[PDB]
Amino acid sequence: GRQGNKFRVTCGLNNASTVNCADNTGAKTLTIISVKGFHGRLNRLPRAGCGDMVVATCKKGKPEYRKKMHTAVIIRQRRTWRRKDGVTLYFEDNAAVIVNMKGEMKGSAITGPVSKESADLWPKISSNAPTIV
Amino acid sequence: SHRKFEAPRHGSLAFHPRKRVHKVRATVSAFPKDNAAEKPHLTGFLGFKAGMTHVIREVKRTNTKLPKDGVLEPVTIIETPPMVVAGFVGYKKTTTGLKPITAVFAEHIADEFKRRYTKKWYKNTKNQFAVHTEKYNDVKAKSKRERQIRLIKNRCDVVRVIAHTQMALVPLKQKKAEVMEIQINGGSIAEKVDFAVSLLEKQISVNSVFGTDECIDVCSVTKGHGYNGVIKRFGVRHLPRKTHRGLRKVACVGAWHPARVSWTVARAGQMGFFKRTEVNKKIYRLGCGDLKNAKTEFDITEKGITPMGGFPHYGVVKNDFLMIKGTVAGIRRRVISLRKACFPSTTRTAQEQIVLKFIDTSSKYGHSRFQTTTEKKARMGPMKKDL
Amino acid sequence: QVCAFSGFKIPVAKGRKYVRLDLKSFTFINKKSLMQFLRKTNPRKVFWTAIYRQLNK
RNA sequence: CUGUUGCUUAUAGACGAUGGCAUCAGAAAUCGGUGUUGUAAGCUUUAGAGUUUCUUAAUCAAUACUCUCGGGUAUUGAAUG
RNA sequence: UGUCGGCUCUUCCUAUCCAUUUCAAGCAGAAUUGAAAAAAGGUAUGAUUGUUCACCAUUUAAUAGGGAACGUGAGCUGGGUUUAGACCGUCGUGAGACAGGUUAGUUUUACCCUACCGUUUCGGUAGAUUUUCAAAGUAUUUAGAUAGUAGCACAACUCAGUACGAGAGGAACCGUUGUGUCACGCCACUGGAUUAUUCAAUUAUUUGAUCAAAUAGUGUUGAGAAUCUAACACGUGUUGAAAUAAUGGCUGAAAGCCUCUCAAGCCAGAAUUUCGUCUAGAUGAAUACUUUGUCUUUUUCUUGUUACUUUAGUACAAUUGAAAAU
RNA sequence: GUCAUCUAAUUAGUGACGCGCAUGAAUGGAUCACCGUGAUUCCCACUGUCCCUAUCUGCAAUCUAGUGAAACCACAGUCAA
RNA sequence: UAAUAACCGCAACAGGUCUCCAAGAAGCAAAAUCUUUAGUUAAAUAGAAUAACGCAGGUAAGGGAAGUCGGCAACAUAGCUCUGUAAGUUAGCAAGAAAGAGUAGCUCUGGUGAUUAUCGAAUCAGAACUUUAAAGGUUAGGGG
């Protein structure tokens, strides 16, 4: 469901790295389990950047979402990453929105900004964003 | 048994053994394949690395997603003052490789070239190239020179010019010049020598060797790091904290029965002063004549390439220079042997025109803000000093 | 660009940008200015600031 | 001619090695350039909440503006003269 | 001969899991299935158990199987087993027994030879005499017998909702653009360390007070240049030619026809081999200056080499040695 | 073992079932509130334990002047078959 | 002498060996840290260079036990005042449960007594103003 070629973003989220939930689906935190498209290596934990589809389990939220494995996309991260035009930026906290494999966003709103790298990757997310940093 | 989980081996076997070099300059071990259907041309140079700085480059490529504003890229400033050709040498292909047939030398030899033949100049009688110079015009020693040329035109296949730098134009403390044999690639051997003889004693500038937007194969000697362990040298995994007799080492240096440590096992040693040749190093700006400054069409302030306070540990760049792309092997003041590429690149990046929107000349110490010292004084105003 | 706390003119490709959760983003010039901004330090009381130097004199 | 020795030698370095210079040497300060910190020490702004007094003034007073983009530091592995 | 497993690291086998090249299908497409060349590259993250094994949750192109004294303990760990304490269950009249269970239980030395990684010091290659030459010394520029080898893989746009197919579904070659990892670097930008005990502040004690410091083995905090470094910043390895393997073929006999050849002669075809390029490298070559012009041996001067010195002795220009190919 | 629960995933933990190879009543059976440098499991905070290693200080290590042992030792020490 | 050199340990061995006298700052404290009278600067040798691998002491981006047999090791809470404090229970305890607020500097005010206005004690409370917003140099509970 992604539309385009992601650039290099310094991944700052590991395995078992709790992120918030910018969605409005009644889920609070989703601890990352894996990362889709991760070419692994020995003794290396899966890394999630910005705009990287992950697979995360909800450990806090509504009962129909708790204790289940979902698929999310990281919209903002606290790890500084450098754009190609020489801009060095980082956000205030990590967050991720629940999507499906086709990219269809499960919620209907996003709280806070959205990183540009995760907006053009999934056109279904950029529409819901308040702003796109 | 078999290792439980397979991994990529650490370090490269194409560089073993890792023996540090002796001479600071890195001899170029191969020159581009000779093409016999073009005007003879030099295929190399020799410049002293000065440092690095960052530029904002306008993208001139097609079907790319890079921002239209600019892309921030690192460059390297290699100061190359003009070299002086001091002879030439003709090689011949035998059943044991090239065999230098003869070598013709110019008449007037600078004192920076004579020093290379001695190990203690202050006590040396400094009589190098004296008998050769004093008898240069004699008829007996003029027929010998004319004989050497006819030998090369008949029994030689490769002609190279023994060119040496000028050490009075660089801020280095060294005085003796660095000697390089730059091959001539072009027409038949009849016109190679006629080109080589025409170059004697005549300075050659970098723009007569390289061109704009040309990729080159820099050859140099890396940084010196001395004795280093196994973690730094090869990159093995550091052992757990509980380990007895230390952590940062390889644990098992071989299985039992071969009864010998393999040559492939990661061992301690001397990482450091090695020789490496990189390839496909794009040239951004050719600091010859008009482009010797750091101004551009977009930013038109007249500033030299030397940052505020000079290049650290190096000094001030005032002569001809290059703008390589990215990091070239070797610390500042190293002698870098540029060379025309042996395998020319055909990628769409290598054929792309380089348009520079900005070149950083701010200071390289601390988090400097201003670009030229004539604009720091304007923004900060008058100090207590000078007032 | 102009630094949020120090009020100095940022060069190109220098500085780090901080994006808050309330959609507002600031660009700084060094970690000295970013750190003093994250502690609610008032630039009007910090002498070297360009904001302070504009207020007086 | 090479080696030792010297610059408490660097572009190298465990020791050897390697690289530079050796009287146009080399070193040391000083003056600039370039950086780091944040306004030095002395007295003044009845700034200053109050107390004490002469008996209707001074004293003491966290902090605080002027001189102050001040002082201090800056090759030690930074660059000029 | 320190007797399980795991962590770390290297190499080897192919009975191949992925990537490359080909044949067969009950191969229309997509998916899959059987086999051939091929070991140069890669083959994961976790919950429970001491576990090898096992079973699950994911991810990837694939998460293939094995050997090296069941690789690897003066490499580690000591979870189990496998001493001495203690408890339970069964057995035994009793001491006690139990591949039954639970808990606590010291892991010694390398400074030796070799191996491997690096690093020095002394020695050295035999046939050359157009003085425009030849040889030795010192130094520079080169040369490269041999040894190693490095780049792989994925994804997106276009191809294209096209070929195929009734429909459902549904690819590919050239081209463009990025990512991951491995290797080699590198210090501009961004980040980290920081006894420049740099600058500033401050807690306790002591210099009568201010200034200036000192002590708490670096008192602590904030900023912090230099240098080091990034799995955290960023560059290079898109790089060319020839010949091959499985297989597909051309001309073509044997065998008047047929056949790619267990025939002569050729072409196309691999992540293959060899040149090219990269790193280390021995015998060498040219030039510069000092000499020597037949000759060595022994003593002897130097940090060491060459030239040099003395007394000797030895021959003195003149008939040798090439056809190639079949 | 089976069934619930814990986790994305549970030979582990807890709660129930009991033809219990071989539990069971001063060889004491059931029950634990407080207490324990006792045994086991899961949460919150915290962190170089780990992803993934980077850097700093003292003492050493290296070289040097003086002093200066011990374990061990058939003879010794390059490989393939 | 009565011990990091006179005793016992093969010795000028970091081990062991019964007692008396006891200053200031600071605190609740004979705690940690600094000083006065007293003792000593030598107690198995030093200089240079600032490599690896070490012993001892540290710090760190983003994530926070994914490492491992196991949170081993390390990090984090910590003094005092006020508010509040569950299930269970042998009715005593659990309990410092858990959880939250305050704390500096300077200038002031009031309360707590003896003798008939003077004199003496550290202790508690409250109010302005300022700053770098305050137990944390040292000592100093992780909780369920």
# chains A, B, ... in the order shown; residues from 1 in each chain; ligands from 1
call {"tool": "interface_residues", "arguments": {"of": "chain E", "to": "chain B", "cutoff": "7 Å", "atoms": "only C-alpha atoms (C1' of nucleotides)", "output": "MDAnalysis selection string"}}
result
chainID E and resid 8:10 43 66:68 71:72 75:76 115:118 132 139:140 143 148:149 176:177 183 185:186 188:189 225 235:236 238:240 279:280 285:289
call {"tool": "interface_residues", "arguments": {"of": "chain A", "to": "chain F", "cutoff": "8 Å", "atoms": "only C-alpha atoms (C1' of nucleotides)", "output": "list in words"}}
result
residues 14, 33, 43, 44, 45, 57, 67, 68 and 69 of chain A
call {"tool": "interface_residues", "arguments": {"of": "chain C", "to": "chain B", "cutoff": "12 Å", "atoms": "only C-alpha atoms", "output": "PyMOL selection string"}}
result
chain C and resi 2-3+8-15+28-33+48-50+53
call {"tool": "interface_residues", "arguments": {"of": "chain D", "to": "chain C", "cutoff": "8 Å", "atoms": "only C-alpha atoms (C1' of nucleotides)", "output": "PyMOL selection string"}}
result
chain D and resi 38-39+69
call {"tool": "atom_distance", "arguments": {"atom1": "CA of residue 43 (chain B)", "atom2": "CA of residue 189 (chain B)"}}
result
15.8 Å
call {"tool": "closest_atom_pairs", "arguments": {"of": "chain G", "to": "chain B", "cutoff": "12 Å", "atoms": "only C-alpha atoms (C1' of nucleotides)", "output": "JSON lines"}}
result
{"residue": "G:51", "atom": "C1'", "partner": "B:227", "partner_atom": "CA", "distance": 5.1}
{"residue": "G:52", "atom": "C1'", "partner": "B:229", "partner_atom": "CA", "distance": 5.4}
{"residue": "G:53", "atom": "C1'", "partner": "B:246", "partner_atom": "CA", "distance": 7.1}
{"residue": "G:54", "atom": "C1'", "partner": "B:246", "partner_atom": "CA", "distance": 6.6}
{"residue": "G:55", "atom": "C1'", "partner": "B:246", "partner_atom": "CA", "distance": 10.3}
{"residue": "G:67", "atom": "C1'", "partner": "B:240", "partner_atom": "CA", "distance": 8.9}
{"residue": "G:68", "atom": "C1'", "partner": "B:240", "partner_atom": "CA", "distance": 9.8}
{"residue": "G:72", "atom": "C1'", "partner": "B:242", "partner_atom": "CA", "distance": 8.4}
{"residue": "G:73", "atom": "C1'", "partner": "B:241", "partner_atom": "CA", "distance": 8.0}
{"residue": "G:74", "atom": "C1'", "partner": "B:241", "partner_atom": "CA", "distance": 11.0}
call {"tool": "write_last_selection", "arguments": {"atoms": "N, CA, C and O atoms (P, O5', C5', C4', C3', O3' and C1' of nucleotides)", "output": "PDB file, in the first residue's frame"}}
result
ATOM      1  P     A G  51      48.648   6.601  23.149  1.00  0.00           P
ATOM      2  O5'   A G  51      48.234   5.084  23.395  1.00  0.00           O
ATOM      3  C5'   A G  51      49.222   4.076  23.540  1.00  0.00           C
ATOM      4  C4'   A G  51      49.012   2.959  22.551  1.00  0.00           C
ATOM      5  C3'   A G  51      48.163   1.791  23.017  1.00  0.00           C
ATOM      6  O3'   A G  51      46.772   2.055  22.970  1.00  0.00           O
ATOM      7  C1'   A G  51      50.099   0.971  21.973  1.00  0.00           C
ATOM      8  P     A G  52      45.787   1.409  24.064  1.00  0.00           P
ATOM      9  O5'   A G  52      45.643  -0.102  23.601  1.00  0.00           O
ATOM     10  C5'   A G  52      45.172  -0.414  22.302  1.00  0.00           C
ATOM     11  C4'   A G  52      45.473  -1.841  21.941  1.00  0.00           C
ATOM     12  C3'   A G  52      44.787  -2.895  22.780  1.00  0.00           C
ATOM     13  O3'   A G  52      43.458  -3.121  22.359  1.00  0.00           O
ATOM     14  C1'   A G  52      47.065  -3.456  22.484  1.00  0.00           C
ATOM     15  P     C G  53      42.291  -3.318  23.434  1.00  0.00           P
ATOM     16  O5'   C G  53      42.803  -4.529  24.323  1.00  0.00           O
ATOM     17  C5'   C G  53      42.722  -5.863  23.856  1.00  0.00           C
ATOM     18  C4'   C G  53      43.099  -6.836  24.943  1.00  0.00           C
ATOM     19  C3'   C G  53      42.495  -6.560  26.309  1.00  0.00           C
ATOM     20  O3'   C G  53      41.157  -6.985  26.450  1.00  0.00           O
ATOM     21  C1'   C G  53      44.793  -6.921  26.562  1.00  0.00           C
ATOM     22  P     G G  54      40.263  -6.359  27.621  1.00  0.00           P
ATOM     23  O5'   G G  54      40.856  -7.032  28.930  1.00  0.00           O
ATOM     24  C5'   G G  54      40.776  -6.381  30.184  1.00  0.00           C
ATOM     25  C4'   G G  54      41.936  -6.753  31.071  1.00  0.00           C
ATOM     26  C3'   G G  54      41.826  -6.280  32.507  1.00  0.00           C
ATOM     27  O3'   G G  54      41.078  -7.179  33.298  1.00  0.00           O
ATOM     28  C1'   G G  54      43.958  -5.729  31.652  1.00  0.00           C
ATOM     29  P     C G  55      39.718  -6.700  33.992  1.00  0.00           P
ATOM     30  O5'   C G  55      40.194  -6.166  35.410  1.00  0.00           O
ATOM     31  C5'   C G  55      40.787  -7.041  36.356  1.00  0.00           C
ATOM     32  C4'   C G  55      41.376  -6.268  37.503  1.00  0.00           C
ATOM     33  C3'   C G  55      40.475  -5.194  38.085  1.00  0.00           C
ATOM     34  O3'   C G  55      39.546  -5.701  39.022  1.00  0.00           O
ATOM     35  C1'   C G  55      42.594  -4.272  37.652  1.00  0.00           C
ATOM     36  P     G G  67      16.571 -11.986  25.309  1.00  0.00           P
ATOM     37  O5'   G G  67      17.841 -11.034  25.368  1.00  0.00           O
ATOM     38  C5'   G G  67      18.786 -11.023  24.310  1.00  0.00           C
ATOM     39  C4'   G G  67      20.183 -10.842  24.836  1.00  0.00           C
ATOM     40  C3'   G G  67      20.727 -12.007  25.649  1.00  0.00           C
ATOM     41  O3'   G G  67      21.345 -12.987  24.836  1.00  0.00           O
ATOM     42  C1'   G G  67      21.012  -9.996  26.853  1.00  0.00           C
ATOM     43  P     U G  68      20.955 -14.534  24.983  1.00  0.00           P
ATOM     44  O5'   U G  68      21.188 -14.845  26.526  1.00  0.00           O
ATOM     45  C5'   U G  68      22.496 -15.026  27.046  1.00  0.00           C
ATOM     46  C4'   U G  68      22.490 -15.070  28.552  1.00  0.00           C
ATOM     47  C3'   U G  68      21.792 -16.262  29.184  1.00  0.00           C
ATOM     48  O3'   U G  68      22.628 -17.402  29.259  1.00  0.00           O
ATOM     49  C1'   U G  68      21.047 -14.274  30.216  1.00  0.00           C
ATOM     50  P     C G  72      19.608 -10.241  39.852  1.00  0.00           P
ATOM     51  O5'   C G  72      21.166 -10.456  39.630  1.00  0.00           O
ATOM     52  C5'   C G  72      21.927 -11.252  40.523  1.00  0.00           C
ATOM     53  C4'   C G  72      23.296 -11.519  39.962  1.00  0.00           C
ATOM     54  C3'   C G  72      24.259 -10.347  39.998  1.00  0.00           C
ATOM     55  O3'   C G  72      24.909 -10.210  41.251  1.00  0.00           O
ATOM     56  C1'   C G  72      24.264 -11.301  37.838  1.00  0.00           C
ATOM     57  P     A G  73      24.990  -8.780  41.979  1.00  0.00           P
ATOM     58  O5'   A G  73      25.725  -7.856  40.918  1.00  0.00           O
ATOM     59  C5'   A G  73      27.125  -7.945  40.723  1.00  0.00           C
ATOM     60  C4'   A G  73      27.563  -7.088  39.568  1.00  0.00           C
ATOM     61  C3'   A G  73      27.188  -5.619  39.657  1.00  0.00           C
ATOM     62  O3'   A G  73      28.083  -4.858  40.446  1.00  0.00           O
ATOM     63  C1'   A G  73      26.569  -6.446  37.549  1.00  0.00           C
ATOM     64  P     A G  74      27.537  -3.647  41.348  1.00  0.00           P
ATOM     65  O5'   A G  74      26.969  -2.597  40.293  1.00  0.00           O
ATOM     66  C5'   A G  74      27.840  -1.860  39.447  1.00  0.00           C
ATOM     67  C4'   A G  74      27.083  -1.178  38.332  1.00  0.00           C
ATOM     68  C3'   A G  74      26.080  -0.115  38.752  1.00  0.00           C
ATOM     69  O3'   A G  74      26.680   1.148  38.968  1.00  0.00           O
ATOM     70  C1'   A G  74      25.055  -1.598  37.235  1.00  0.00           C
TER      71        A G  74
END
call {"tool": "atom_distance", "arguments": {"atom1": "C1' of residue 28 (chain G)", "atom2": "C1' of residue 135 (chain G)"}}
result
15.0 Å
call {"tool": "interface_residues", "arguments": {"of": "chain F", "to": "chain B", "cutoff": "12 Å", "atoms": "only C-alpha atoms (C1' of nucleotides)", "output": "list in words"}}
result
residues 48, 49, 50, 52, 53, 54, 62, 78, 79 and 80 of chain F
call {"tool": "residues_around", "arguments": {"residues": "residue 7 (chain D)", "least_positions_apart": "3", "cutoff": "8 Å", "atoms": "only C-alpha atoms (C1' of nucleotides)", "output": "ChimeraX atom specification"}}
result
/D:22,26-27
call {"tool": "interface_residues", "arguments": {"of": "chain G", "to": "chain C", "cutoff": "12 Å", "atoms": "only C-alpha atoms (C1' of nucleotides)", "output": "list in words"}}
result
residues 131, 132 and 133 of chain G
call {"tool": "residues_around", "arguments": {"residues": "residue 34 (chain F)", "least_positions_apart": "4", "cutoff": "10 Å", "atoms": "only C-alpha atoms (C1' of nucleotides)", "output": "VMD selection string"}}
result
chain G and resid 89 to 90 92 to 94
call {"tool": "interface_residues", "arguments": {"of": "chain D", "to": "chain B", "cutoff": "12 Å", "atoms": "only C-alpha atoms (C1' of nucleotides)", "output": "number ranges by chain"}}
result
D: 1-3, 9-14, 17-25, 32-36, 67-71, 74-75, 77-80
call {"tool": "interface_residues", "arguments": {"of": "chain A", "to": "chain C", "cutoff": "6 Å", "atoms": "only C-alpha atoms", "output": "PDB file with N, CA and C atoms, in the first residue's frame"}}
result
ATOM      1  N   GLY A  86      19.753  18.824   4.194  1.00  0.00           N
ATOM      2  CA  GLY A  86      20.481  19.370   5.322  1.00  0.00           C
ATOM      3  C   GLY A  86      19.620  19.969   6.410  1.00  0.00           C
ATOM      4  N   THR A  88      18.115  18.920  10.215  1.00  0.00           N
ATOM      5  CA  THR A  88      18.281  17.981  11.315  1.00  0.00           C
ATOM      6  C   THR A  88      17.140  18.219  12.294  1.00  0.00           C
ATOM      7  N   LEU A  89      16.175  17.304  12.327  1.00  0.00           N
ATOM      8  CA  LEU A  89      14.960  17.516  13.094  1.00  0.00           C
ATOM      9  C   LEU A  89      14.627  16.289  13.926  1.00  0.00           C
ATOM     10  N   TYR A  90      13.942  16.519  15.045  1.00  0.00           N
ATOM     11  CA  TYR A  90      13.408  15.436  15.855  1.00  0.00           C
ATOM     12  C   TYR A  90      12.141  15.923  16.536  1.00  0.00           C
ATOM     13  N   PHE A  91      11.285  14.974  16.907  1.00  0.00           N
ATOM     14  CA  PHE A  91       9.959  15.278  17.422  1.00  0.00           C
ATOM     15  C   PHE A  91       9.962  15.316  18.948  1.00  0.00           C
ATOM     16  N   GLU A  92       8.777  15.276  19.549  1.00  0.00           N
ATOM     17  CA  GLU A  92       8.690  15.326  21.001  1.00  0.00           C
ATOM     18  C   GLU A  92       8.510  13.933  21.590  1.00  0.00           C
ATOM     19  N   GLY A 112      -1.688  15.684  16.852  1.00  0.00           N
ATOM     20  CA  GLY A 112      -0.338  16.180  16.745  1.00  0.00           C
ATOM     21  C   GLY A 112       0.169  16.159  15.319  1.00  0.00           C
ATOM     22  N   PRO A 113       1.430  16.525  15.125  1.00  0.00           N
ATOM     23  CA  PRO A 113       1.993  16.587  13.776  1.00  0.00           C
ATOM     24  C   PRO A 113       2.299  15.197  13.234  1.00  0.00           C
TER      25      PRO A 113
END
